[PDB]
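Engineer: Encoded as structure tokens, here's the structure I'll be asking about.
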Amino acid sequence: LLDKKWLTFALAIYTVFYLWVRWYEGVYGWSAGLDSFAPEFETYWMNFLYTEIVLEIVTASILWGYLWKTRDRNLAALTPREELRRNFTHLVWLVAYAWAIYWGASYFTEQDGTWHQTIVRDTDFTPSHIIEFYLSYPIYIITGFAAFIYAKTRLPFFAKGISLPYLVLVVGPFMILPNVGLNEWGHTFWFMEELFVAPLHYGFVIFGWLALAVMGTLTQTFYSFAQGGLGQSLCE
Amino acid sequence: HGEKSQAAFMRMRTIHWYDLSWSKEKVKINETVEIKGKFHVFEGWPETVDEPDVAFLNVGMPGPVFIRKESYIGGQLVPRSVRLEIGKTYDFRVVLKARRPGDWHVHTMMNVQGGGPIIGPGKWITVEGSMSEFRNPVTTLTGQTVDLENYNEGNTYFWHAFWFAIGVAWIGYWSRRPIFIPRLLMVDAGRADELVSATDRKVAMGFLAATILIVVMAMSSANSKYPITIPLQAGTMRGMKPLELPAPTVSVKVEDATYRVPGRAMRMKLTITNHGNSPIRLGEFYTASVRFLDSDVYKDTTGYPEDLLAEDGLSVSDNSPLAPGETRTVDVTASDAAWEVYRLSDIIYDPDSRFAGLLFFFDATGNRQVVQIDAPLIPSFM
Amino acid sequence: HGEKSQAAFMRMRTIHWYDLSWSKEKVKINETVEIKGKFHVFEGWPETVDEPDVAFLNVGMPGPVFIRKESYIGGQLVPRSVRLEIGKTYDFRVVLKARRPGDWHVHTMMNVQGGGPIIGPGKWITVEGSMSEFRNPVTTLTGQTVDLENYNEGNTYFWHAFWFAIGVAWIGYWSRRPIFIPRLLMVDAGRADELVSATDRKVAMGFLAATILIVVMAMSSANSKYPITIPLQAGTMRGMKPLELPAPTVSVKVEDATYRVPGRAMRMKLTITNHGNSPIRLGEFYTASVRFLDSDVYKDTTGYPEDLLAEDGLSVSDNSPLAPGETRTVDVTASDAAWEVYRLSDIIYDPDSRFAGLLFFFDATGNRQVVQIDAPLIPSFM
Ligand SMILES: CCCCCCCCCCCC(=O)OC[C@H](COP(=O)(O)OCC[N+](C)(C)C)OC(=O)CCCCCCCCCCC
Ligand SMILES: CCCCCCCCCCCC(=O)OC[C@H](COP(=O)(O)OCC[N+](C)(C)C)OC(=O)CCCCCCCCCCC
Ligand SMILES: CCCCCCCCCCCC(=O)OC[C@H](COP(=O)(O)OCC[N+](C)(C)C)OC(=O)CCCCCCCCCCC
Ligand SMILES: CCCCCCCCCC(=O)OC[C@H](COP(=O)(O)OCC[N+](C)(C)C)OC(=O)CCCCCCCCC
Ligand SMILES: CCCCCCCCCC(=O)OC[C@H](COP(=O)(O)OCC[N+](C)(C)C)OC(=O)CCCCCCCCC
Ligand SMILES: CCCCCC(=O)OC[C@H](COP(=O)(O)OCC[N+](C)(C)C)OC(=O)CCCCC
Ligand SMILES: CCCCCC(=O)OC[C@H](COP(=O)(O)OCC[N+](C)(C)C)OC(=O)CCCCC
Ligand SMILES: CCCCCCCCCC
Ligand SMILES: CCCCCCCCCC
Ligand SMILES: CCCCCCCCCC
Ligand SMILES: [Cu+2]
Ligand SMILES: [Cu+2]
Ligand SMILES: [Cu+2]
Ligand SMILES: [Cu+2]
């Protein structure tokens, strides 16, 4: 069996959900979403923010708790074939993390180079912010934490210790979410110019750099793949 | 749509827009709508806002639903940033061409280099038609007419696709062979020196030479075509001509100003001294995009936005005609739902509880006087 | 010699020099030459240049071939930086004393704190004699006359040579023994503790004590001699007195201005309104150190530099006398080889294609009027 169709679902769920989110923000961007003090803004974007925050907290708790509770206690008695299957599942988790990272840190982030550059902000909760920071960021954080936990709890290579590159790849992009405080503080106070390259953005950048730890993470996963079932063929 | 969130005192004391007019309220695609009016730069410019040494006359709108055909300060076109003087009154004119159908809230705004957006009154303008009918023709000094909607789009797409294809070809050339794990094992276990061998080096040399040669040839071709080019035209424009307004014949001294918390009314006591030779009457109080009118004295006919217009929102304790030379003190109340809708009541949250505004005084013959008032605004709770 | 490289529009709209005069064209060593004139700070000061809050009246020249004896703005000496006001006209006077023989291109220039050099017209001045004959005497408040060419030179040489000799003595004392490789081997192989032993420590203590004592004694001696000293005198000088020019009786409105690319001519259409009570005629157009003259109206007699002077470079379509109260529109062409020699045609490369200049209008009796014009400058290619 090895690599199964969980990868198709991993791609499709993010693609479909974010396409629907884009449709929603295209429909309610203007017209209930321009005026932050209008009653329709509360029903179409503040309610969205509340619901998405609650659902993200619940989903993160459930997913992480399930992954930690179903952790493999007897990692020693794991056959190489099962280890290969678990390595493929972890690679599917990493693919989902990469897809979510794309959607969060490229699409919905630059989608702002398109929302603010065009409108005069009305709040710290621009409908797009209700999409980027409170969805395009918690979703990829949840996916990254889940992938890290799966590696630690199913892969003997990633067990017996916390991998530094994986921890950086998982936590650095997470630090972008609390960095939103610097974004807000340095939008209203420091810098009223909509300059996208303002120093009030070296906060997603610095922690965007930590995603480069995917390189060490991926060579670690390559070594984990090539533990018992490394071949032969490769180097033979 | 971006105001009602800015600080009330900052909206009150930055820039006062008046004599605003709109040529049309409903337009077709490609039809032109003109916005005219005057703005006065308040003398008590807040220290937190940089002085309007570099300012841009902008339009508040949800993306290019209109295109700014022309914009004027004084009588001269202002496509760049301009320098404004504190205390001066300027007249402006913005010409917009409809591009996208719908109902749009169009604001005239002034962006200041170190203070952010100063949004004036916004008016709903209806656009009907199809976006596909929109044209933005322009004639260059080289004698060709192009449509700015799609000019150079094909060339941009072609060049970007070409370079993307070159990069993808490079990556795929290296990706035909196995990529990650066997190459990693070969590099780790002993010297590799086997995964990069001729003609891989020849292919890379070809890629590098072709890239440089194609860049040079494309630049030369884009220089032979379009032989006449100019850099981007930028730079703040000085010498904006302000309006030479006559000195007002009305002097007003604000003796305290209060507003109820909570409430929708603002109360102030004014000592009005009438100079000149005509009986005056208080007709309007404009504070921040909100016009409180005394309907018995003046009526608005310029189609001011209804949510910003208080037809009878201005009540004067004694608004009888003020004979020349006579001085009297009256209690003026400006009350309207707009005071709470546009969050002018939220000056209680502000770190500077001072207001500014314009009082419009009208005589019998109809000629009007504009006087500016500013004072601390004291909340009242009991 | 540093202009013709600066941006054409920046040379056009910073500072307009006019009424320039030179006392002499050829001088001897120690002889004085005086440069006089007026400069007007343009109202449309470019935003890329900091406002002339801190400005210095300098001389453009290849090193001290002259010494600046005196310099005045208004009527007062300006050895320090000064504050200038935008839109004001100031008169200046620079006194130069010849120091080095040769043919020198002397410019009057204004350095602005945040904008760099603004170079005015330059004139060739011949210096004859020998540099050895040059003297720069000055009398101090302590009652001694010194020559600034060689004053303190001996003392400076002596002290520098003394301290250099002390350092060389230290180095040579340590350099008598073998230096690099045996000492390195001794330090590496085992503890060294042998290459620095008494009386080396005694010699170093002597060097340190002698250095401190000599510094203290020299400072005390240089305080006993020259007991009266003052710090360097610095600081921007405010309150420069501008010229109180009468309000011009001529108003000019520029209706478009064009220049051919390539070409040596600039064309503009002006609407001239003559107020006052005398028939006026356009005699000069000054744009950037270049004077285009209508020879039928005015002739230059102040010895203006020939390469900057267009004697008949100004052609007016109808330069008949303009009766008072009369308004007419004429086509004015300023054409000369200077327009290309000084790269005023390179405004096509500039990111701000706007020009500024001065128009000089002369009546029958000879009294002149100065009016300032500024407008966009549109290139024409076909
Ligand atoms: C990592 C964990 C992430 C957790 C957060 C998830 C956020 C989900 C959206 C919040 C909506 C909100 O809050 O708003 C509630 C909205 C407000 O729209 P309405 O006014 O009712 O109009 C009618 C509804 N339309 C405008 C959508 C037609 O209505 C709803 O009930 C519909 C929400 C549907 C969400 C599920 C579909 C997603 C695409 C399919 C692939 C998954
Ligand atoms: C241990 C080390 C930690 C130190 C960090 C503490 C935060 C500093 C707070 C500054 C307050 C101050 O000092 O003054 C506040 C000054 C006062 O200026 P103003 O006159 O109001 O200007 C008016 C201009 N407005 C209207 C736009 C404000 O506003 C500033 O210029 C803010 C400068 C930015 C400093 C924050 C940079 C954070 C770096 C983030 C990159 C990851
Ligand atoms: C070894 C490398 C050294 C780095 C050099 C840093 C000094 C540059 C700052 C100059 C400030 C300035 O002048 O600002 C320039 C304009 C501000 O425009 P304005 O508002 O018109 O400024 C008017 C008032 N000024 C000009 C006096 C300030 O944009 C900026 O804010 C600077 C953007 C910097 C982008 C480049 C940094 C890339 C980030 C990489 C790390 C994540
Ligand atoms: C609406 C939310 C639905 C999320 C569904 C989560 C599925 C449960 C997670 C999980 O444990 O594994 C699911 C799949 C297949 O891996 P499994 O083998 O089921 O995982 C355990 C491994 N073990 C069987 C050897 C013990 O592993 C995967 O690759 C699933 C990837 C799912 C993409 C991540 C979605 C997260 C959105 C916030
Ligand atoms: C918010 C920012 C995160 C800060 C980063 C700190 C975490 C980084 C290191 C890390 O993840 O290790 C914690 C464990 C991995 O196993 P260990 O750290 O070895 O310890 C396991 C026992 N423990 C679950 C109680 C911790 O991983 C887990 O066990 C996590 C799953 C259990 C948590 C589920 C409950 C959370 C619901 C919200
Ligand atoms: C790899 C990222 C793909 C992002 C594509 C996207 O944002 O799609 C939205 C956009 C919306 O434009 P349109 O297709 O005209 O449909 C408009 C519907 N709304 C306004 C809700 C987006 O176009 C599509 O839906 C095309 C489907 C692409 C599938 C990968
Ligand atoms: C890594 C490079 C960081 C350079 C910082 C920078 O460009 O700041 C520009 C800004 C100059 O402000 P300015 O660009 O004039 O802002 C104009 C808009 N307002 C006045 C509203 C802020 O300077 C500061 O306020 C100090 C920045 C500290 C960085 C750790
Ligand atoms: C207004 C001048 C701002 C200068 C900022 C310097 C940033 C340097 C970062 C090391
Ligand atoms: C090393 C490659 C240098 C290429 C220079 C090309 C110059 C062409 C002038 C138009
Ligand atoms: C440790 C050496 C300090 C020297 C001080 C000398 C003071 C002299 C006063 C004129
Ligand atoms: Cu609006
Ligand atoms: Cu005002
Ligand atoms: Cu020279
Ligand atoms: Cu001038």
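All chain C residue numbers match Swiss-Prot; in order, they span 33-414.
The way this entry was determined, per its header, is electron microscopy, 2.2 Å.
Backbone N, Cα and C define each Cβ position, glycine as well.
Just lifted these from Swiss-Prot, have a look:
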- C:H33, C:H139: Cu cation 1 binding site (BINDING)
- C:33-172: region 'Cupredoxin domain used to construct soluble pmoB (spmoB)' (REGION)
- C:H48, C:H72: Cu cation 2 binding site (BINDING)
- C:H137, C:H139: Cu cation 3 binding site (BINDING)
- C:186-206: transmembrane segment (TRANSMEM)
- C:235-255: transmembrane segment (TRANSMEM)
- C:265-414: region 'Cupredoxin domain used to construct soluble pmoB (spmoB)' (REGION)
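Locate each feature and note its surroundings.
Structural biologist: Taking Cβ-Cβ distances under 8 Å and a sequence separation of 6 or more, the neighbours of C:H33 (Cu cation 1 binding site) in its chain are C:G92, C:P94, C:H137, C:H139, C:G154.
A simple way to gauge crowding: the CB of C:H48 (Cu cation 2 binding site) has 22 other CB atoms within 10 angstroms, across all the protein chains here.
The DSSP secondary structure for C:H139 (Cu cation 1 binding site) is strand.
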Engineer: When secondary structure is assigned with DSSP, how many helix, strand and coil residues does the region 'Cupredoxin domain used to construct soluble pmoB (spmoB)' (C:265-414) contain?
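Structural biologist: Here the numbers are 12 helix, 69 strand, 69 coil.
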Engineer: I want to check the contact list for C:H72 (Cu cation 2 binding site): same chain, sequence separation of six or more, C-beta distance under 8 angstroms. What comes out?
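Structural biologist: Listed in sequence order, they are C:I47, C:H48, C:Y50, C:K120, C:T121, C:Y122, C:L390, C:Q404.
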Engineer: Excluding the flanking five residues on each side, which residues at least 6 beyond the ends of the transmembrane segment (C:235-255) place their CB within less than 8 Å of a CB in that stretch?
Structural biologist: 191, 198, 202, 205
Engineer: Excluding the flanking five residues on each side, which residues at least 6 beyond the ends of the transmembrane segment (C:186-206) place their CB within less than 8 Å of a CB in that stretch?
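Structural biologist: For the transmembrane segment (C:186-206), the nonlocal Cβ contacts are 235, 239, 243, 250.
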Engineer: Neighbour count first, Cβ atoms within 10 Å, every protein chain included; then name which of C:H137, C:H139 tops the list of binding-site residues.
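Structural biologist: Of C:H137, C:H139, the one with the most crowded Cβ is C:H139.
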Engineer: Do you know the DSSP helix, strand and coil residue counts for the region 'Cupredoxin domain used to construct soluble pmoB (spmoB)' (C:33-172)?
Structural biologist: 8 helix, 75 strand, 57 coil
Engineer: Based on a Cβ-to-ligand 13 distance below 6 Å, what subset of the binding-site residues C:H33, C:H48, C:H72 would you report?
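Structural biologist: Checking each Cβ against ligand 13, the ones under 6 Å are C:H33.
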